[PDB]
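Engineer: Got a structure for you, written out below as C-alpha cells; questions coming shortly.
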Amino acid sequence: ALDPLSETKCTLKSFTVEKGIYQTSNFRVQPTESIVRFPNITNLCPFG
Amino acid sequence: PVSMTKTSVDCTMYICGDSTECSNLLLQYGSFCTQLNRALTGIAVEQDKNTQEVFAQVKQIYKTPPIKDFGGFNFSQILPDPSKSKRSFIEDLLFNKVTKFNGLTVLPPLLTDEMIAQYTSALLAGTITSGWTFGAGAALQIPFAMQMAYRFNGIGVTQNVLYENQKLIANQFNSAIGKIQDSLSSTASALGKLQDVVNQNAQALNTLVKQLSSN
Amino acid sequence: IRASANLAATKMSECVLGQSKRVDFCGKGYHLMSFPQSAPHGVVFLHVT
Amino acid sequence: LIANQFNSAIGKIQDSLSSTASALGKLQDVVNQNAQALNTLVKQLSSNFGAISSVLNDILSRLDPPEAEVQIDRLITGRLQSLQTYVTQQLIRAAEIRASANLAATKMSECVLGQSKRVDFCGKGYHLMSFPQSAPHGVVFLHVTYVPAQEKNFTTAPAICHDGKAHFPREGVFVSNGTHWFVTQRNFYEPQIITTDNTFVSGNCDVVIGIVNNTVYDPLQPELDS
Amino acid sequence: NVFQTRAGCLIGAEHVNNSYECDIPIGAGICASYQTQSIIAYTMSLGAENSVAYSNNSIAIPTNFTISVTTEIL
Ligand SMILES: *[C@@H]1O[C@H](CO[C@@H]2O[C@@H](C)[C@@H](O)[C@@H](O)[C@@H]2O)[C@@H](O[C@@H]2O[C@H](CO)[C@@H](O[C@@H]3O[C@H](CO[C@H]4O[C@H](CO)[C@@H](O)[C@H](O)[C@@H]4O)[C@@H](O)[C@H](O[C@H]4O[C@H](CO)[C@@H](O)[C@H](O)[C@@H]4O)[C@@H]3O)[C@H](O)[C@H]2NC(C)=O)[C@H](O)[C@H]1NC(C)=O
Ligand SMILES: *[C@@H]1O[C@H](CO)[C@@H](O[C@@H]2O[C@H](CO)[C@@H](O)[C@H](O)[C@H]2NC(C)=O)[C@H](O)[C@H]1NC(C)=O
Ligand SMILES: *[C@@H]1O[C@H](CO)[C@@H](O[C@@H]2O[C@H](CO)[C@@H](O)[C@H](O)[C@H]2NC(C)=O)[C@H](O)[C@H]1NC(C)=O
Ligand SMILES: *[C@@H]1O[C@H](CO)[C@@H](O[C@@H]2O[C@H](CO)[C@@H](O)[C@H](O)[C@H]2NC(C)=O)[C@H](O)[C@H]1NC(C)=O
Ligand SMILES: *[C@@H]1O[C@H](CO)[C@@H](O[C@@H]2O[C@H](CO)[C@@H](O)[C@H](O)[C@H]2NC(C)=O)[C@H](O)[C@H]1NC(C)=O
Ligand SMILES: *[C@@H]1O[C@H](CO)[C@@H](O)[C@H](O)[C@H]1NC(C)=O
Ligand SMILES: *[C@@H]1O[C@H](CO)[C@@H](O)[C@H](O)[C@H]1NC(C)=O
Ligand SMILES: *[C@@H]1O[C@H](CO)[C@@H](O)[C@H](O)[C@H]1NC(C)=O
C-alpha cells in the first residue's frame with residue numbers, strides 16, 4: 001500500500017513490471033458516520 | 001460481429017462487497033478470483049486486438065478529394081458526411097437499428113466509434129481512388145472508371161464491357177446502393193447478428209446479477 | 001467472436017483491399033469489390049458482385 | 001539487383017531477431033500462459049478451502065476417520081474444482097492453438113507449397129513465395145513479398161481511337177509522358193509503342209468515356225511497303 | 001496535472017496536443033507513454049494523414065520496386 005507502483009508489484013507477485021495498463025485495486029470511499037435508527041417506543045417489553 | 005462488450009468484474013466485491021468477514025473467508029479459496037479476474041482481462045484485451053486487426057489494416061489515413069467525378073458512380077451515401085461525427089449516411093442507420101453497483105463494469109473500447117469511422121473512411125478512400133494497390137504498397141490513385149475495367153478483367157469479362165456500358169452500370173450501382181438504404185431503413189431484422197451478440201451478453205450479465213438473490 | 005473477427009479481418013483483407021476469387025466468399029456471384037461500413041460491435045460489408 | 005535485395009533482406013531478419021526478443025512474443029506467451037496455468041494449479045494445494053489444514057497427511061494424523069472424512073471431503077471438492085477449472089482452461093486454449101495450427105497448416109499449404117493470391121495472407125504486398133523455419137512449439141515464416149517503391153504521375157485515358165474504332169489494352173493500361181501515348185503493364189512502369197499486337201478493337205469512339213485520339217502502329221504495313 | 005478522459009479521471013499524466021502511436025492503451029482513444037522525463041497521455045494517432053491526388057485522368061504507376069522479407073510467427 002505504499003504507492004501505486006508498489007501495488008502493482010504486490011499484485012503481479014514480482015519485483016519487475018512491464019509496460020502496460022494494470023488493473024490492481026478498487027477505489028472505495030469510506031463511511032464517515034454511523035447512523036442507527038429505530039422507531040421511538042418507550043414501552044419496556046413485558047417478558048416478565 | 002467483431003468485438004464483445006468489454007465486461008470487467010471485481011471478484012471480491014461481487015462476492016463479498018463491503019465485508020471484511022466475507023473477504024477473509026474468500027481468501028481460503030486461494031487464487032480463484034485472481035484467475036477469474038485475469039481471464040476476463042484476457043478477453044478484454046483481445047477485443048481491442050480484434051478491432052485493431054479488422055479495421056486498422058491500412059497505415060495512412062487517406063481522404064477523398066472534393067472532386068466526386070467517379071464517372072457516374074455515386075458514393076455520397078457511403079462516404080463520410082462532413083456536415084455531422086463524420087459518419088456516412090448508411091452508417092447512421094446501422095447505429096440506430098441496434099440497442100451495476102455489484103462490480104459489473106464495462107470498460108470503454110480503445111478505438112472509439114468516431115475513431116473507427118476514420119479507418120472506414122480511409123479503406124473506402126483507398127478503395128475508390130487507389131484500387132487494391134494501397135494494401136500492397138504505396139497507394140496509387142486510379143481513375144475509377146479505370147478500376148472497374150480491372151475488376152471486370154478480374155472475373156473473365158473483357159474491359160470493353162464496362163466502358164460500352166459505363167452509364168448503365170453506374171445507374172445500376174447507384175440504384176443498388178439505394179435499395180440497401182430501404183432494406184436497412186425498413187427492418188431491424190437485417191442486423192440480427194450484431195443484435196444477437198449484445199442480447200446474449202446482456203442476458204449473461206442479467207443472469208449473473210440475479211444469482212445474487214439465491215440462497 | 002474471435003474466429004468471426006479473423007474471418008472479418010480476412011474478408012476486409014482479400015475482399016476490400018483486393019478482389020477475391022473465392023466463389024461465395026464475397027457474396028453470391030463473381031466478386032467485384034466491397035466497401036466496409038462501421039457498426040456497433042461489428043462490421044458490415046457491401047459486396048458489389 | 002533482385003539477388004542483392006533478397007540477400008540483404010535475409011540479413012536484416014537476423015538483426016531484428018537477434019536484437020528484439022519481443023519479436024517472438026506469441027510463442028513466449030504460449031509458454032508463459034501454460035506456466036501460469038500450472039503454477040496456479042500447483043498453488044491451490046496450499047489452500048484450506050475451509051478445511052482445518054491444507055496438508056492432507058496432517059488431517060489424517062490428527063483426526064479419526066469419522067471426522068477427518070468431513071475435512072478431507074472439503075479439500076477434495078476444492079482441488080477437484082481446481083482441476084475442473086484448469087482442464088477447462090486448457091481445452092479452450094487448446095482450440096485457440098488448434099485454429100492457429102490449422103491456419104499455420106494452411107499457410108504452409110498455400111503460401112509455402114504455392115503462391116497465394118490472397119492479399120495480406122502472405123505478408124504485406126503481392127506475394128512471391130515463403131520459407132518455414134522451426135521454432136519452439138511453433139513455426140516462423142519468412143514471406144518474400146513484392147512491394148513497389150517509386151512512382152511517377154502520368155496522364156491516362158481508358159481507350160484510344162485510331163480510325164474511329166475504340167482500342168483497349170490487351171493487358172496493361174494506357175499512359176502518356178505528355179507528348180506521346182504509351183501502354184504499360186500495371187505494376188511496373190515499362191512503356192511500349194502502342195500497336196495492334198498490344199491492343200484489341202471493340203466498338204467505336206462515340207460510346208467510350210474519356211477516349212482520346214492517338215496513332216496505333218501496324219507492324220504489317222512496313223513489311224508490305226518494303 | 002489532472003486529465004479528464006472518457007474512461008475516467010487520469011492522474012499523474014500531462015495531456016499533450018500532439019499525436020503519436022499508441023504505446024500503452026488507456027481507453028477512449030487515449031494512449032500514454034513515457035517520454036522526455038514524464039508520463040504523457042494523448043489522443044492516439046491513426047498514422048500520418050495522407051490525401052491522394054485523385055482525378056479523372058491521372059495514373060500512378062510504379063517505376064521501381066523492392067523485395068522485402070516479413071517475419072510472421074504462429
Ligand atoms: C422475572 O423475575 C425476576 C425476579 O424479579 C422479580 O420479578 C419480576 C417480575 C419483577 O417484578 C422484579 O421487580 C421482581 O423483583 C427478575 O429478576 C429481576 O430483574 C430486575 C431487572 O433486571 C433486577 O433489578 C436490578 O436491580 C439491580 C440492583 O442491584 C442491587 O441490589 C441487588 C439486590 O439483590 C443486589 O444483589 C446487587 O448487588 C445490587 O446491590 C440494578 O442494578 C439493575 O440495573 C438497573 O436498575 C436500577 C434501578 O432498578 C438502576 O438504578 C441501576 O443503575 C441499573 O441501571 C436492575 O434494576 C432484579 O434484581 C432481578 N431480581 C433478582 C432477584 O435478581 C427478572 O428480570 C424478571 N423478568 C425476566 C426474567 O424476563
Ligand atoms: C448521390 O445520391 C444522393 C442521394 O442518393 C444525391 O443527393 C440528392 O440530391 C438531390 C438533388 O439532385 C436532392 O433532391 C436529394 O434530396 C438528395 N438526397 C440526399 C439523400 O441528400 C446526390 O446528389 C447524388 N450525387 C451524384 C453525384 O449523383
Ligand atoms: C516521351 O517519351 C518519348 C519516347 O518515345 C520521347 O521522345 C524521344 O525523345 C528522345 C530525346 O531527344 C529523342 O531522341 C527521340 O527521337 C524521341 N522519340 C520520338 C519518337 O520522337 C519524348 O521526348 C518524351 N517526352 C516527355 C515529355 O517525356
Ligand atoms: C479525333 O480526330 C477526329 C478527326 O479525324 C475528330 O473528329 C472531329 O470531330 C469534331 C467534333 O464532332 C467534328 O466537328 C470534326 O468535323 C471532326 N473531324 C473531321 C475531319 O470530320 C475527333 O473529334 C478527334 N477526337 C477527339 C477526342 O479529339
Ligand atoms: C531501383 O531501386 C534500387 C534500390 O531500391 C536501385 O539500386 C541502387 O542503385 C544505386 C545507383 O544510384 C546504387 O548505387 C545502389 O547500390 C543500388 N542499390 C542496391 C541495393 O543495389 C536501382 O538503381 C533503382 N533502379 C531504377 C531503375 O530506378
Ligand atoms: C502527383 O501529383 C500530386 C499532386 O499533388 C503530388 O502530390 C504527387 O506527389 C505526385 N506524384 C509523384 C510521384 O510525384
Ligand atoms: C475530367 O474532368 C474535367 C472537369 O474538371 C473534364 O473537363 C474532363 O473532360 C474530364 N475528363 C475525363 C476523361 O473524364
Ligand atoms: C493545445 O493548444 C490549445 C491552443 O490552441 C490550448 O488551449 C491547449 O491548452 C493545448 N493543450 C495542450 C495539452 O497543450
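Engineer: I'm checking my understanding of the structure. Among residues of region D:127-160 that are crowded, with 21+ Cβ neighbours inside 10 Å and more than 7 Å from chain E (Cβ to nearest Cβ), which one is farthest from ligand 8 (Cβ to nearest atom)?
Structural biologist: Result: D:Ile160.
Engineer: Report yes if D:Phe182 is more than 16 Å from ligand 4 (Cβ to nearest atom), more than 30 Å from D:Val31 (Cβ to Cβ) and assigned to a strand (DSSP E or B), otherwise no. Before you say what the answer is, go through the steps one by one.
Structural biologist: Numbers: more than 16 Å from ligand 4 (Cβ to nearest atom): yes; more than 30 Å from D:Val31 (Cβ to Cβ): yes; assigned to a strand (DSSP E or B): yes.
In short, yes.
Engineer: Considering only residues that are surrounded by fewer than 14 Cβ atoms within 10 Å (Cβ to Cβ) and within 16 Å of ligand 7 (Cβ to nearest atom), which ones fall in region D:181-226?
Structural biologist: Matches in region D:181-226: D:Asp206, D:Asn213.
Engineer: Among all residue pairs at least 6 apart or on different chains, which show Cβ distances below 7 Å where the first residue, located in region E:49-70, is farther than 24 Å from B:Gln118 by Cα and the second is more than 16 Å from ligand 2 (Cβ to nearest atom) and basic (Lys, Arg)?
Structural biologist: Within 7 Å, the pairs are E:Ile61/D:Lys152; E:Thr63/D:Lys152; E:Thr70/D:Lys124.
Engineer: Does D:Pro191 count as away from ligand 5 (no atom under 16 Å from the Cβ) and either under 25 Å from the mean Cα position of the chain (by Cα) or more than 7 Å from every other protein chain (Cβ to nearest Cβ) (or both)?
Structural biologist: Details: away from ligand 5 (no atom under 16 Å from the Cβ): no; either under 25 Å from the mean Cα position of the chain (by Cα) or more than 7 Å from every other protein chain (Cβ to nearest Cβ) (or both): yes.
When the stated conditions are applied, D:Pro191 does not pass them.
Engineer: So, one more: Suppose the filter is assigned to a helix (DSSP H, G or I) and either within 14 Å of chain D (Cβ to nearest Cβ) or under 29 Å from E:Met44 (Cα atoms) (or both); does B:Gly30 pass it?
Structural biologist: Criteria not met by B:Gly30.
Engineer: Does region B:82-105 contain at least one residue that is within 13 Å of chain C (Cβ to nearest Cβ) and either under 27 Å from D:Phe121 (Cβ atoms) or within 16 Å of ligand 4 (Cβ to nearest atom) (or both)?
Structural biologist: No, region B:82-105 contains no residue that is within 13 Å of chain C (Cβ to nearest Cβ) and either under 27 Å from D:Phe121 (Cβ atoms) or within 16 Å of ligand 4 (Cβ to nearest atom) (or both).
Engineer: Out of (1) touching a helix residue (DSSP H, G or I) at 6+ places or on another chain (Cβ under 9 Å); (2) within 14 Å of another protein chain (Cβ to nearest Cβ), what's the single condition that is false for A:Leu5?
Structural biologist: (1)
Engineer: Just to be sure, is D:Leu128 more than 11 Å from the chain's Cα centre (by Cα) and either assigned to a strand (DSSP E or B) or within 16 Å of ligand 5 (Cβ to nearest atom) (or both)?
Structural biologist: When the stated conditions are applied, D:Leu128 passes them.
Engineer: Residues in region C:34-49: is at least one more than 7 Å from chain B (Cβ to nearest Cβ), of a type in the set (S, T, N, Q) and more than 30 Å from B:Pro108 (Cα to Cα)?
Structural biologist: Yes; the residues of region C:34-49 include at least one that is more than 7 Å from chain B (Cβ to nearest Cβ), of a type in the set (S, T, N, Q) and more than 30 Å from B:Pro108 (Cα to Cα).
Engineer: So, in region D:1-33, exactly how many residues are charged (D, E, K, R), loosely packed, with under 14 Cβ neighbours inside 10 Å and under 25 Å from D:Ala94 (Cβ atoms)?
Structural biologist: Number satisfying all stated conditions: 1.
Engineer: Right, next: Go through region D:161-180 residue by residue and tally those that are more than 20 Å from D:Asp206 (Cβ to Cβ) and more than 10 Å from every other protein chain (Cβ to nearest Cβ).
Structural biologist: Number satisfying all stated conditions: 4.
Engineer: Of all residues in region B:1-34, how many are of a type in the set (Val, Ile, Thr), out of contact with any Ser or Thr (no Cβ under 9 Å at 6 or more places or on another chain) and under 30 Å from B:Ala190 (Cβ atoms)?
Structural biologist: Counting residues in region B:1-34 that are of a type in the set (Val, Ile, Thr), out of contact with any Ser or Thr (no Cβ under 9 Å at 6 or more places or on another chain) and under 30 Å from B:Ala190 (Cβ atoms) gives 1.
Engineer: Any residue that is surrounded by 10 or more Cβ atoms within 10 Å (Cβ to Cβ) and closer than 20 Å to B:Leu40 by Cβ - is there at least one of those in region A:27-35? Show your work before the answer.
Structural biologist: As a first pass, look at region A:27-35 and keep what is surrounded by 10 or more Cβ atoms within 10 Å (Cβ to Cβ): none.
Looking through region A:27-35, none of the residues is surrounded by 10 or more Cβ atoms within 10 Å (Cβ to Cβ) and closer than 20 Å to B:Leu40 by Cβ.
Engineer: Can you give me the ranges of the strands (runs of 3 or more DSSP E) entirely in chain E with at least 3 residues that are out of contact with any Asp or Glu (no Cβ under 7 Å at 6 or more places or on another chain) and within 14 Å of chain D (Cβ to nearest Cβ)?
Structural biologist: Output list reads E:58-73.
Engineer: Answer yes if at least one residue in region B:115-137 is within 30 Å of B:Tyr14 (Cα to Cα), in a loop (DSSP other than H, G, I, E, B), more than 12 Å from ligand 2 (Cβ to nearest atom) and facing another protein chain (nearest Cβ under 8 Å), and no otherwise.
Structural biologist: no
Engineer: Here's a follow-up. Does any residue of region D:196-207 turn out to be under 26 Å from B:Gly72 (Cα atoms) and either within 16 Å of ligand 3 (Cβ to nearest atom) or among the small types (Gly, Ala, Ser) (or both)?
Structural biologist: yes
Read-outs: derived from the displayed coordinates by stated rules, not from any lab. Every residue, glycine among them, receives a Cβ derived from its backbone with ideal geometry; neighbour counts consider all protein chains shown.
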